[PDB]
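Let me begin by presenting the structure, written as C-alpha cells, before commenting on it.
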Amino acid sequence: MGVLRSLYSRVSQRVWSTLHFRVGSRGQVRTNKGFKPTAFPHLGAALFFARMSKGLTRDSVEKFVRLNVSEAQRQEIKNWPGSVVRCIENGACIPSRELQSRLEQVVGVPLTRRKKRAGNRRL
Amino acid sequence: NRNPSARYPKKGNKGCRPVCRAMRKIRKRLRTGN
Amino acid sequence: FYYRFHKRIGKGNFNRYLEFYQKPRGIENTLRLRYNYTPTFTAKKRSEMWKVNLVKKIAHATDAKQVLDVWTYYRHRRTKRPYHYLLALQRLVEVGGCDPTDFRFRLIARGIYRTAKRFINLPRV
Amino acid sequence: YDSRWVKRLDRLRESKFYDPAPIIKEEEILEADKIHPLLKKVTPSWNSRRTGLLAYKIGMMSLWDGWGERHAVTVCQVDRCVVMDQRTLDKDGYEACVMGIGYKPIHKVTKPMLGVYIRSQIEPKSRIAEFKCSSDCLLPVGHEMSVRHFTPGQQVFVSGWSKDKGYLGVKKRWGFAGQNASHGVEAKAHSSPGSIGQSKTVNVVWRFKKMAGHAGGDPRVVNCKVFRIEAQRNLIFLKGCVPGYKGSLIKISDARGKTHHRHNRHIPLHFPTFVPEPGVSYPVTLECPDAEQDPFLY
Amino acid sequence: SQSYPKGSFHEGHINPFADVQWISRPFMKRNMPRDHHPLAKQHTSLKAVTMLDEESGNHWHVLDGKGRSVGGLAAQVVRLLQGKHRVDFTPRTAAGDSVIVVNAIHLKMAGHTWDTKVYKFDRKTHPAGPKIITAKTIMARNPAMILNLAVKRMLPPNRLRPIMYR
Amino acid sequence: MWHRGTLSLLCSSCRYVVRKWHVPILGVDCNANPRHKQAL
Amino acid sequence: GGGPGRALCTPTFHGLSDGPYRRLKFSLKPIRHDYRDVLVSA
Amino acid sequence: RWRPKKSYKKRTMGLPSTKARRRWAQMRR
Amino acid sequence: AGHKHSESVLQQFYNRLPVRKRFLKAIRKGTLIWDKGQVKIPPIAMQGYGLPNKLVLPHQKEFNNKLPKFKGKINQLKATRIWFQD
Amino acid sequence: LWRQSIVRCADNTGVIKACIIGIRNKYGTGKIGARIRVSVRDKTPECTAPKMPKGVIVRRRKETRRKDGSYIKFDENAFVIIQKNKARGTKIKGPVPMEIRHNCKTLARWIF
Amino acid sequence: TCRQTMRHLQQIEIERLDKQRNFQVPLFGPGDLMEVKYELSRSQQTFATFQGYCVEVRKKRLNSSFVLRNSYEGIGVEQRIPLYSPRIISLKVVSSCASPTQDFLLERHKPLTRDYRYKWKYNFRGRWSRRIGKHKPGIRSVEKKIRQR
Amino acid sequence: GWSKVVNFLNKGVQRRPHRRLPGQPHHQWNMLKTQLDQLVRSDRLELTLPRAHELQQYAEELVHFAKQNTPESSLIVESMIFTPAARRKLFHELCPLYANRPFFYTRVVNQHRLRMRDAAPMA
RNA sequence: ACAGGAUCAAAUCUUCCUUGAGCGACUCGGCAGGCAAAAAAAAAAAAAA
RNA sequence: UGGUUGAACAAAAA
RNA sequence: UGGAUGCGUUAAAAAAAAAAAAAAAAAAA
RNA sequence: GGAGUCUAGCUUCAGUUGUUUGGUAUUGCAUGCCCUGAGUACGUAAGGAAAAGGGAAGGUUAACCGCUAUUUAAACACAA
RNA sequence: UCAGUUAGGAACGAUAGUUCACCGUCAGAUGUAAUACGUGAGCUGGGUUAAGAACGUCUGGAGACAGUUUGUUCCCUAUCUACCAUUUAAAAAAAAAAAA
RNA sequence: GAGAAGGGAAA
RNA sequence: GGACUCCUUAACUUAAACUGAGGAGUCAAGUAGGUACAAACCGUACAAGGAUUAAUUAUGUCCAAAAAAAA
Ligand SMILES: [Zn+2]
C-alpha cells in the first residue's frame with residue numbers, strides 16, 4: 001500500500017498487542033486461583049488452555065522457549081521435526097523437564113503436579 | 001409542536017383530549033388546505 | 001430497609017470465546033443475601049430446623065459416607081457449635097473412620113481448627 | 001518528643017555532629033554470598049514486563065553533565081528493598097512481586113507481622129507494596145533490589161503522593177482570578193469564587209465543581225530520566241522533580257506506552273533484573289550518556 | 001484519527017427492501033463463540049433441570065440459554081423468580097425459586113439490535129449525564145449482563161427486586 | 001460525492017448501490033461520469 | 001397518582017379464613033443431646 | 001468585550017486525580 | 001432535556017431512544033427510522049412503482065396494489081428516481 | 001518585557017527609544033532574542049527608520065538564566081531593528097548575550 | 001539522615017570537580033577586579049573573557065557562586081558564575097583590595113544583642129485602629145517612647 | 001462551638017516554633033523579658049502551661065550566656081534582663097550554682113488542674 | 001503439614017492419588033488498641049524498669 | 001461471500 | 001541554620017493506570 | 001461468629017470488541033513557526049509538497065524547592 | 001459537502017456605558033447557539049426608570065417629552081436541596097440480671 | 001406488531 | 001359579565017388554552033375506573049351507609065400487571 005494502511009488494519013494493529021494486567025472476572029473459564037493441570041486429559045491440552053488464557057501465540061511461546069533454553073536442549077529442538085510447541089499441544093511429543101519448566105515460566109501455571117522438596121525425616 | 005396541545009389522543013380517548021389541537025388542525029387542512 | 005445489591009459489568013474478555021467445558025472460578029453473586037422482610041412462621045422454622053435435623057441425621061447415619069453427606073448438606077447452616085463437631089467426630093469413630101483427606105471431612109477439620117480455642121474439652125476432640 | 005524550642009535548637013546544631021563521609025569505591029566485586037541462588041537471566045518476549053521498586057526521597061541537588069549543562073536532580077535511596085513473596089495465578093490468581101522496604105522498631109511492630117518478617121528472615125520492614133509483572137519477570141524470594149536495575153539514560157514512570165497544604169480557598173487551591181482590589185469591590189468578593197453554576201433550568205451544582213477544601217494529598221505520577229546511579233549506597237539520581245516529602249515512599253518503574261516507544265526502544269535493559277556474575281568487577285557510579293549535539297550551539 | 005467501529009453490516013449483504021435488512025451478530029464472524037475442536041461432541045443439553053428440596057424449601061431451576069431470545073427467556077425467568085407459578089404466591093416476599101442460566105454467550109436478539117442497542121447507567125449530578133455502554137461492549141466484557149439487565153427491568157420496581165435478582 | 005435528498009439515474013451507465021458508511025446509505029454509482037456518483 | 005398500569009388490578013395477599021395461630025411466633029425449644037437413645041437412630 | 005477562548009477548560013483526557021473523583025469511585029463501588 | 005428547558009414532542013421522542021448517538025443522528029437526519037423497536041432504512045419511494053401497502057390510506061390500498069411492483073434488488077432497479085417515502 | 005514597555009535601540013539607526021506594541025508573552029517574561037514590534041517615540045534628526053519597525057530584544061534588565069547555571073543581566077532594555085532577516089543598522093553598541101539566536105550577534109563588539 | 005546523605009553527596013561531588021579541574025581558584029573577595037575566561041561553544045571552539053569587579057560571593061558549598069560587574073561602552077553588565085562550573089577555563093585577580101573590611105564582608109557574623117526581637121517595623125497603627133496617642137496610621141516612631149523611659 | 005472543628009482546621013497544619021502572646025511583637029518581647037526577670041527573682045513561677053513552655057527557652061538562654069563571661073555574652077544578658085536584683089541574683093547565685101551544669105537549667109511541671117476562674121491549664 | 005492413602009514400591013530430592021481453591025496470601029492467638037500525657041503539615045521519631 | 005473496507009473494492013443473485 | 005511563593009525548575013507518560021472505605025459459598029445478626 | 005498486613009473481585013477521565021533458519025508486538029493523539037526528505041515529486045517558468053523524525057518559542061494542567069528572584073526569619077551546650 | 005471510539009487548542013489594545021461593530025498590534029486557529037438573551041441572597045453600577053437642578057421644544061399655566069444633561073444609601077449571621085472538604089469501632093460514655 | 005411515543009424487550 | 005371537547009362559522013398569519021357568534025357534552029357544582037402524571041376526552045345499573053358475592057363499560061389479553069392455546 002501507500003504510506004498509510006487501512007484504518008481497519010491500524011485498529012487491528014493496535015488491538016493485536018493488548019496486554020491486560022488483570023484477570024478481572026471470575027465468570028471466565030480461564031486459568032485463575034486454584035488451577036489444576038489434572039483437570040485436562042493431558043499436558044498438551046493443559047498447555048493449550050493456559051496459552052489461550054494468557055493470549056499468546058504459538059510462535060512467540062516457541063521463540064521464548066528456544067531463546068531461553070540451554071544449548072543441548074536447543075540442539076534437540078532444532079533436530080526435532082516440526083514445531084515442538086505445536087506437537088506438545090497436539091499430544092504428539094513428550095517434553096523434557098527443562099522444556100516444561102520454560103513453558104511453565106511462559107504461561108504462569110504448572111503443567112504437572114509440582115513437587116516441593118521438604119526436609120522431613122522419620123526417627 | 002409542544003405537548004399540551006400537540007399531543008395526540010390514544011386508544012380510550014375516542015379521538016379527543018381536553019386541550020388538543022392536532023385533530024381539528026388536521027381536519028381543517030384536509031378540508032380546505034392551509 | 002433498602003437491600004443494596006448490584007451486578008456489575010466487570011473486566012472480562014469473551015471475544016472469540018472458546019468453550020472448554022470447564023467450570024468458571026466462582027459464582028457471580030457472593031454478597032450476603034440479607035432479607036429485608038421478616039420471615040413467617042414456616043420460613044423461620046425451615047431456617048432453624050437444621051439444629052434438630054443435623055444431629056438427628058448424624059445419629060441415624062450408619063456410615064461415614066452418610067455422615068459426611070449430611071455434614072456437607074448442612075455446610076452452609078450457621079452457626080455450628082462444639083457439640084455439633086464432637087457429635088460428628090464421635091459418630092465417625094463409631095461408624096469406623098473415614099479418609100481424613102476427603103474434602104467433606106476437611107470441612108469438619110477446618111471448622112474444628114477455627115473454633116479450637118472455644119472448646120472446653122479440647123482433649124476429647 | 002521534646003519541646004518545640006529543644007527541637008528547634010537540635011535542628012540548628014544538627015550540622016555539627018554529622019558522621020564523616022564514607023569512602024566510595026570505583027569498582028566492586030560480588031560473590032555468591034550476595035547473589036540469590038535462583039536468580040538467573042532471561043531473554044524477554046514481546047509481553048514481558050519487569051517489576052518496579054521502592055525508594056525514599058532524600059533530597060535534591062544540581063549536577064553538571066558532560067557538556068557543562070546544569071540539571072536539577074532528585075536523589076532517591078533503595079533502602080533495603082527486598083522481595084518477600086511471589087504472586088502466581090494458581091496460588092493467588094494473579095502475578096506480582098511483593099517488596100518490603102525500610103526498618104521499623106520491634107517495639108512498634110505487631111506480633112503477626114513480626115512472624116511474617118521472621119518467616120522472611122529479614123529485619124522488620126517499614127512499608128510493603130506489590131508490583132505487577134509478567135510471569136517470566138518474577139524474582140526469587142529474598143533477592144535485594146539494586147539501583148543497577150535501571151540503566152542510566154532510561155525513562156522511568158514514577159508514582160508518589162503529593163504533600164498536604166491544609167485548607168485553602170479557591171484562589172490558592174485552583175488559582176481562581178477573584179475580583180479587582182479596588183473599584184468598589186466588596187470585601188467578601190476580593191477572593192470569592194463568583195458564580196458556582198447555572199440557574200433554575202438545571203437547578204444543581206455540578207459534581208467535581210472546584211471549590212475550597214483541604215488541598216494536596218493526591219496520588220501523582222510523572223516521568224523521569226535516570227541521570228545517575230551509585231551502587232554502593234543504592235542511590236539513584238533522577239532528572240526533575242518527584243511528588244512527596246523528604247523521606248516519603250516512591251515507586252519507580254520502567255516508562256510505558258508513548259514514553260517507552262519514544263525513548264526506551266533502543267536502550268538495553270536487564271531481564272528479569274541485573275544478574276551479577278561472581279568474580280566480575282563493575283563500576284560503582286554510572287552516568288547517563290551525553291547529548292550528541294552541543295547544547296550551547298546557539 | 002478515530003472513526004466509527006466496524007459493525008455487522010460491514011461484513012455481509014444489505015437488502016433495504018426486506019424487513020430484516022442485514023444480519024446482525026454480537027461479534028464478527030471470526031469472533032463468534034465456538035467449541036474447542038477436540039473437546040466437542042462430548043456433551044448434550046437437557047435444556048432444563050429442576051431440583052426440589054422439601055426440607056429447606058429452596059428449589060432450583062437450571063436452564064440452557066443456547067438459542068433463546070433475551071426477552072423471551074427473561075419473562076419466563078421473572079415468572080419463576082416471583083413464584084407466580086405457585087399456588088401460594090404472595091406479592092410481599094421473594095416467593096419464587098432460584099434460577100441458574102447457562103450459555104448466555106449464545107443468547108440471540110433478532111434484527112439490528114446487536115448493532116444499535118445501548119445501555120445507560122445513571123450518575124448523580126454528573127454534568128455529562130448517564131454513562132452509556134454499548135451492547136457489543138457488554139457482550140465482550142460480561143455476556144451475563146445482557147440477560148441480567150432485561151430481567152431486572154422486567155421485575156417489579158419494588159424493594160423485593162434486589163432479593164429476586166440476588 | 002454528490003450528497004442528495006433523492007437519487008436518480010442520470011445516464012445509461014448509472015446504477016443504484018448500498019454503501020457501508022457510518023451507517024448503511026443508498027447511492028448511485030457511475031462508470032462514465034464521476035459527477036454522477038451520488039449518496040442519499 | 002395513576003399510571004400505565006391498572007389501579008385496581010394489583011392483588012393483595014390476605015387470608016380466606018381466620019384462625020387462632022396467626023401471631024404465634026416461632027421459638028427454639030431445647031433439643032436432645034442424646035438422639036442415640038431413640039431406636040430408629042440407635 | 002473581547003475574551004480568550006480558554007478551550008483548555010474543555011479537556012476530557014489526562015485529567016489529574018482528585019479527592020472528589022476518588023470519593024465518586026468509592027461511592028460507585 | 002439538560003439546558004433546553006422545553007423541546008418539541010418529536011425531539012423528546014428522539015432523545016429518549018435507546019440507541020447509539022450516531023444511529024440517533026442518522027434518525028434525526030432522516031437516513032434511518034425507528035420502527036417497532038428496530039432501527040431500519042426508511043421505505044423507498046420509486047417513481048412509477050407502487051408503494052408498500054402499509055404506507056397508503058385504506059381506501060387507496062386497492063389502487064396502490066394495482067400499480068406495478070418491483071421485486072428485485074437495488075442493483076436491478078431501473079426506476080428513474082427514488083427517495084425515502086415520508 | 002511586555003506590552004507598553006519602553007526600550008532603547010542598540011543599533012546605530014538613530015532611534016532613541018520605542019514602545020513595544022507586539023509580543024507573544026502573556027506575562028511580562030519577555031526574553032532576550034524575542035521577536036517584537038515597536039512604535040518609535042524618539043529619534044535623531046537624521047533617523048530614517050519607519051514608525052512601526054520590528055526587531056529582536058538583545059538586552060534586558062531582568063536576569064537571564066544560562067544553560068550552565070550562570071546568570072547575566074544588563075543595565076538597560078534594548079532591541080535592534082530587523083528587516084529581511086537582517087539588521088537594518090551596521091553596528092550594535094555594547095555587549096550582547098550568546099543566546100540571541102540571530103546572526104546580528106556578529107555586529108556586536110562583545111558576545112558574553 | 002537524609003540531610004547528612006545530601007551533605008556527603010555535596011562533598012564528594014566537590015571533590016570530583018576539584019580533581020577534574022586543571023587550575024587553582026585564587027583568593028578573592030568583594031571589591032577585587034577579576035578576569036574569568038570561560039567556554040562559549042565546545043564544538044565551535046569559541047571562548048569569552050569577562051573582566052569585572054566582585055560585588056557578591058555566595059558560599060553554599062556545591063552551589064557557591066560569585067558575581068562580577070563591569071561597564072562596557074557605557075553599558076553596565078553583571079554576571080553570576082558558579083564557582084565549580086566545569087565551563088570555566090581560567091580565573092585570575094587583576095587587582096586586590098585585601099583589607100579588614102574585605103575580611104568582614106567575607107565573614108559571617110552574629111547579632112550584637114537580642115534587641116532585634118523587638119521587630120520595630122511591626123510597631124504600627126492601622127488605618128481603622130483607635131487613636132492611641134497622636135500616631136498616624138503606619139509604623140510609629142520611638143522618640144516619645146525613649147523620652148518617656 | 002464544635003470540638004471536631006479543631007481537627008478539621010488543623011488537618012495539615014504545622015506547630016508554631018514560638019507561641020505568640022497577645023499584642024504586637026515589641027509588647028510580646030517586653031512581656032517575655034519581664035517574666036524572665038521575675039522568674040530569676042522568684043526561682044519559680046505559677047503560669048499557664050503554654051506560657052511556661054514559651055518562657056523556658058529564654059530562661060535557658062539567659063543562663064547559657066551568663067555563664068560564658070565575655071563582654072558579648074554580658075551584653076546579650078543585659079539585653080535580656082531588666083532589673084538590678086535579677087542581674088545580681090543571676091550572676092552571683094545561679095551562675096556559680098550551674099557552673100558545672102552544661103545545659104538544661106529549668107523545668108516545667110504540669111499541675112494537671114484547670115484554673116477555677118477561666119479553666120486555664122496550669123503549670 | 002509431605003498430613004492421609006494405593007502399588008511385584010519411586011535417583012540422591014515422592015511413581016502416583018487425596019487435600020472442592022490444604023481458610024484469598026502470610027502470620028498472630030497473654031493477639032489486637034479507643035482516650036489522656038508528650039509530640040506532631042501527610043507521616044515518622046521513647047522497650048520495660 | 002472475502003478484515004476487502006475512513007469518501008475505496010471483488011464474488012453471487014435475481 | 002532555614003521556611004513559603006513564582007518572576008524559578010521539572011513532567012505532561014500510565015486509565016485493566018495511579019488509588020481506594022466494606023475477603024463475599026453468611027439465604028432470616 | 002477473632003485479629004495485623006499485602007491484596008483479589010468491584011469502582012473510576014473519553015470510549016471500543018476491532019487479535020492467532022527464523023517466527024508480527026509498549027505509536028489510539030491532532031495549533032502554528034524552523035531543520036532534515038528538498039529546491040526533490042509536480043511545473044514552460046514562476047513557484048513548490050508528502051511519508052518519518054528532530055529543535056526553539058508561546059501557552060495550559062500538575063507537581064517540586066537544586067538554581068534564580070521576592071519576602072521573611074534564626075544567631076544556645078568542643079573540652080570529664 | 002459527507003464522516004468519529006469527539007482527541008489537543010484559538011493573544012491583546014485606542015475612542016466608547018455599551019452588545020453587535022469600526023480602527024491598531026500579535027497571530028495566520030471568522031466559530032456559532034443555548035443554559036430565565038446562564039450566573040447581582042457571588043461582585044460592579046457606566047447606561048438606564050423617582051425626590052433637586054439646567055438647555056431645546058409644547059401649553060395660558062401648573063407641568064410635560066419612548067429629546068439632551070449633572071447629582072443621587074445596591075440589605076440579609078444559610079434551615080433544606082446541590083456541591084467541595086470531612087468521618088476509629090464490635091468495644092474502648094451509661095444501661096442491657098438468665099434459668100424456674 | 002399498534003403515539004409500543006412510560007420502562008423492559010417479544011413474533 | 002365562565003372554561004374545554006365536538007359541529008357550523010366571522011376575525012387572525014385559513015396562528016395561539018387568541019377574539020367573537022349559534023348549538024350539544026362535561027367541568028363549574030360529580031368520587032372511585034381507562035386515557036402515563038392537577039377540571040373540560042371515554043365510560044358508569046353516578047358516591048345514603050356496611051360487607052373477603054356477581055355482571056363483558058371504556059378497554060385489554062409477553063413482563064412490570066388481572067386475563068386461552070389438552071392429546
Ligand atoms: Zn451516469
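Chain letters run A, B, ... following the sequence lines, proteins first and then strands; every chain starts at 1. Values reported hereafter were calculated over all heavy atoms of this structure, with side chains retained and with hydrogens, waters and symmetry mates removed.
Between the side chain of E:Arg141 and the base of P:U16, at least one donor-acceptor pair of N or O atoms lies under 3.5 Å. No hydrogens or angles were tested; on distance alone, a donor-acceptor pair under 3.5 Å links the side chain of C:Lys11 to the base of P:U12. With hydrogens and angles ignored, a donor-acceptor pair under 3.5 angstrom links the side chain of A:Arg66 to the base of P:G22. A donor-acceptor contact under 3.5 Å is not formed by the side chain of A:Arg10 with the base of N:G3. Checked by distance alone, C:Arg110 brings no side-chain donor or acceptor within 3.5 Å of a matching partner on the base of M:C23. With hydrogens and angles ignored, no donor-acceptor pair under 3.5 angstrom links the side chain of D:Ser162 to the base of P:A63. You'll find a donor-acceptor pair under 3.5 Å spanning the side chain of A:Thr18 and the base of P:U19, going by distance alone. Side-chain atoms of J:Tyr27 and base atoms of O:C7 include no donor and acceptor less than 3.5 Å apart. Looking at F:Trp21, its side chain has no donor and acceptor atom pair within 3.5 Å of the base of Q:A3.
An aromatic stacking contact between G:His14 and the base of S:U52 is absent, as defined here by ring centres under 5.5 Å apart and ring planes under 30° from parallel. Stacking here means ring centres nearer than 5.5 Å and ring planes tilted less than 30 degrees, and by that measure A:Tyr8 does not stack onto N:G3. Taking a centre distance below 5.5 Å and an interplanar angle below 30 degrees as the stacking criterion, F:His3 does not stack against the six-membered base ring of Q:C2. Residue side chain E:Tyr4 fails the stacking definition with respect to Q:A3, as its ring centre and the base's six-membered ring centre are not both under 5.5 angstrom apart and under 30 degrees in plane angle. Residue-nucleotide stacking is not present for L:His64 and P:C76, judged by a side-chain ring centre under 5.5 Å from the six-membered base ring centre and planes under 30° apart.
The phosphate of P:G23 has neither OP1 nor OP2 within less than 4.0 Å of any side-chain N or O from A:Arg58. An OP1 or OP2 oxygen of P:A75 is reached within less than 4.0 angstrom by a side-chain nitrogen or oxygen of D:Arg8. Phosphate contact (OP1/OP2 of N:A14, side-chain N/O of I:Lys71, threshold under 4.0 Å): absent. Between J:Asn25 and P:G58 there is a side-chain polar atom (N or O) within less than 4.0 angstrom of OP1 or OP2. At the phosphate of M:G20, neither OP1 nor OP2 sits under 4.0 Å from any side-chain N or O atom of A:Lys36.
In this structure S:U31 is not paired with Q:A78, as neither the Watson-Crick nor the G-U wobble definition is met at both distances under 3.5 Å.
Annotation: the span from D:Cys241 atom SG to D:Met60 atom CE amounts to 4.5 Å, rounded to 0.5 Å.
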Point to revise | Annotated protein contacts, base or backbone, on nucleotides 77-85 of chain Q with a non-hydrogen cut-off under 4.0 Å, one of B, S, - each | key: -----BBBB
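The partner of Q:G24 is Q:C12, judged by Watson-Crick or G-U wobble contacts that both fall below 3.5 Å. Both distances falling under 3.5 Å, in either a Watson-Crick or a G-U wobble arrangement, occur for no nucleotide opposite Q:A96. The nucleotide M:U19 finds no pairing partner, because no Watson-Crick or G-U wobble arrangement with both distances shorter than 3.5 Å includes it. Across all strands shown, Q:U35 forms no Watson-Crick or G-U wobble pair with both distances under 3.5 Å.
Here the nucleotide nearest the side chain of C:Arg106, chosen from M:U19, S:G34, P:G4, is M:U19. Proximity note for D:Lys239 (side chain, C-beta onward) versus O:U10, P:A14, P:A69: the nearest is O:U10. Of the candidate nucleotides Q:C43, M:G33, M:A1, Q:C43 has the atom lying nearest to any side-chain atom of D:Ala189. Side-chain proximity of J:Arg65 to Q:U25, S:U14, P:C67: nearest is P:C67. The side chain of K:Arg80 sits closest to P:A69 out of P:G59, P:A69, P:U20. Looking at the side chain of A:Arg117, the nearest of the listed nucleotides M:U19, M:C13, P:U17 is M:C13. Checking P:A75, P:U12, O:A11 against every side-chain atom of H:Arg28, the shortest atom distance belongs to P:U12.
Using a 4.0 Å heavy-atom distance criterion, L:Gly12 is classed as a base contact. Within 4.0 Å (heavy atoms only), D:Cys241 reaches at least one base atom of the nucleic acid.
Atom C1' of Q:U44 sits at a distance of 15 Å from the matching atom of Q:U18, rounded to the whole Å.
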Using the 3.5 Å cut-off, write out each protein N or O paired with an N or O of nucleotides 60-70 of chain S and the distance between them.
unit_1 : atom_1 : unit_2   : atom_2 : d
S:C63  : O2'    : E:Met154 : O      : 2.9
S:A64  : OP1    : E:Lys84  : NZ     : 2.4
S:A64  : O4'    : E:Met154 : O      : 3.3
S:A66  : OP1    : E:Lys84  : NZ     : 3.3

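Place E:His10 and F:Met1 on RNA chain N by their nearest nucleotides, and E:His10 ends up nearer the 5' end.
Aromatic ring orientation, D:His214 versus L:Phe8: perpendicular (interplanar angle above 60°, classes split at 30° and 60°).
We find that CZ of J:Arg24 is positioned 13 Å from P of Q:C12, with the value rounded to whole Å.
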